[PDB]
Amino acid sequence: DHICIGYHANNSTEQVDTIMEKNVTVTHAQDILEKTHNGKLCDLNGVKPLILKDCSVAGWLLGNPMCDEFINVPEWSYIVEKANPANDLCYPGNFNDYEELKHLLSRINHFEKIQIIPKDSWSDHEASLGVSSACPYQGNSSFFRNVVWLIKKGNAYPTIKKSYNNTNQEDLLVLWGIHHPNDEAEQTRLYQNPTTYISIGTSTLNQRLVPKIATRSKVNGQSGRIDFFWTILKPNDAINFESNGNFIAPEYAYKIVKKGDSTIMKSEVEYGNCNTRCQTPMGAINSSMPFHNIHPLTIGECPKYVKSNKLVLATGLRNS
């Protein structure tokens, strides 16, 4: 009469690793690493991203004319921008504190584009002359739509005094610019006054900008440059502009009406009319696993990222 003590076994081929032994075949294993993605960009819990296509963030916020698609943007779950967008600044120049702005952006889900200085309020100055071949719209010359390139009116440029008070409850993103001509002739031909400035003040901002008249390379066919500058105008604060030339005035600004979880994704991956709880620059993830290896930069509720190629937990015993 014969009784034995023994253990389970099966026809399984799933392998684990240990410190002493690799590929120890086991009875029961649990893979805990997500290795795959749907290869599309998707809605994040029902909210569509903003796909900037061929436009950069600057091109968007200044309103480069090739970016008309983005004149009015709905609320987004996250932002997607190419590595090298073709439409940025039609007119060459610098965008001051650009990265700090994108950082701000990344904590923002929606803007309302509001008008802060009316294009009809410039009686003593020309407000539509005012365009460049560097920024074309359908063959004809144009300019960034959110700002107004003021020009002299009949051989004179009186001192602009303009202010705007923030009567809203939300912060405002205000943008403006300075034109740097190539020589002093174009300086007089544009603004009459040879020596000029732009002062900009708020309760925390105190800036004076002076044009830099100099000879540079043509970029986009221009040797002149335009530098853009921004601030966050708080509720009940006012912004005051004073200039006697070279002023690229605001027309519109952006009201910050929704804040929360966002990011600016770098990707070329097509939007694919899907919906996900976790998104990566390479594609979306639908998994119950706690680890993945697709990309470090994700948004949503995601598995934790690792660089591993395989990651399996032995649950059963050594197979035979």
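In case it trips you up, residue 1 is the first one in the sequence shown, and so on.
- Comparing 248-256 with 288-296, the stretch with the higher mean C-alpha B-factor in the PDB entry is 288-296.
- For the pair 190-198 and 168-176, the mean B factor over Cα atoms is greater in 190-198.
- Going by the entry's values, 274 shows the largest Cα B-factor out of 52, 265, 269, 274.
- Among the modelled residues of the chain, residue 26 sits in the highest third by CA temperature factor in this PDB entry.
- Among the modelled residues of its chain, residue 137 has a C-alpha B-factor that falls in the highest third according to the deposited record.
- Residue 85: CA B factor in the highest third of modelled residues in this chain (values from the PDB entry).
- Sorting the modelled residues of the chain by their CA temperature factor places residue 231 in the lowest third.
- Per the PDB record, residue ranking by Cα B-factor puts residue 57 in the lowest third of the chain.
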